[PDB]
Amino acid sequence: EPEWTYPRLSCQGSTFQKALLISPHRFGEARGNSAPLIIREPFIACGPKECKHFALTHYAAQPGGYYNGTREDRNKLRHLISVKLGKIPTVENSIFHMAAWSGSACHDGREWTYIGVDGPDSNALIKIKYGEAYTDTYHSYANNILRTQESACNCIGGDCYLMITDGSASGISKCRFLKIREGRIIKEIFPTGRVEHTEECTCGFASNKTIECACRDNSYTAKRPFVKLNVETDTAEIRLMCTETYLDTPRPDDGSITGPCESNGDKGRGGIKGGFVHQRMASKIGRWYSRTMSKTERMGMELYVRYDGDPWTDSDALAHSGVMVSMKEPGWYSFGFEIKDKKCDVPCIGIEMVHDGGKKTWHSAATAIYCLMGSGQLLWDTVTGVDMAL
């Protein structure tokens, strides 16, 4: 039958470049004839032959009559959808997978696993589907909005790992990792370390033995919670990223948080999901990240890379590697993913560029993709091109 997928060394390259923009709302004018779905929280996951562009829709299209409520996060209509990457996610092109206001998905070499969360805020539910079949669920353990990544989960040898968390957006949210095999939870991993708040982890394989995640702390710091998960022992430990280049929004000025690596610092309340992807080379490991250009608003998006070291102990600034979205453009969630070439994996970061005109109108997003490509430096930025008044 198909072989189980494993992380492979990354394809040769030393800079990211602009790849593709899926800007569905370039076709949503009242005088046009299209039906782009109103979405937020897009992410991409690839199998050996194809990538799927996922998102949580509000089950409404532009132009339409259901714009009121599209700036709300959770409700009974939101669903996990996808199209093949490169197709415009319209009413007719998309697949509705399950009811969900928080999702994830990944391919293990043989089939797709889709994860969706819905239920009341105080008692929500992780629902897992493997192909066509709904296969398992997991219960709220802290009864305050159980939720997951909003990016791809990660499979090795048929075991797919997924961060879930539950708890207050203003207090404690201790995340946990599920090991899912063929749609069924075969292990629950309870992390050790700086565990007071970890959510919206962007995860990937550092090697066949370790998964790493750059996460969001919505209450205490602008440094990202950084997870190291040993896949063989099924143990995880979390400590804050020590780099002075704080990747969350809001954040203080770089290098202004004094004291040891663990110090929380100022402007900790609030957050944003951030891009992170690995370049696995025979000798070294590159960790690529993205953060907004604004320190306080979801505007702009810049690339950073650091080779080797320990993200937990190194205060050194990450190397600035290009402006993907200028400060004039919206820069909201970003996520890492990998495209499978014939013999190696191509690391990419995707960026959600939300069209926000507030609650009085529709609310949705475009997705920009940057990927490792050749050498030199990043050459061009992405604009969505949408005028929200049309």
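Numbers follow the displayed sequence, beginning with 1.
Legend: mean Cα B-factor per stretch from the PDB entry, 262-270 versus 115-123; the higher mean is in 262-270. Across the two stretches, 161-169 and 101-109, the PDB entry reports the greater mean Cα temperature factor for 161-169. Across the options 130, 141, 226, 307, the residue with the most elevated CA B-factor in the record is 307. If you compare the C-alpha temperature factors of 94, 151, 137, 192 in the entry, 192 comes out highest. Among all modelled residues in this chain, the alpha-carbon of residue 205 has a temperature factor (C-alpha) in the middle third. Placement of the Cα temperature factor of residue 352 within the chain: lowest third of the modelled residues, per the deposited record. Among the modelled residues of its chain, residue 378 has a C-alpha B-factor that falls in the highest third according to the deposited record.
Per the deposited record, the Cα B-factor of residue 146 falls in the lowest third when ranked against the other modelled residues of its chain.
The PDB entry assigns residue 86 a C-alpha temperature factor belonging to the middle third of its chain's modelled residues.
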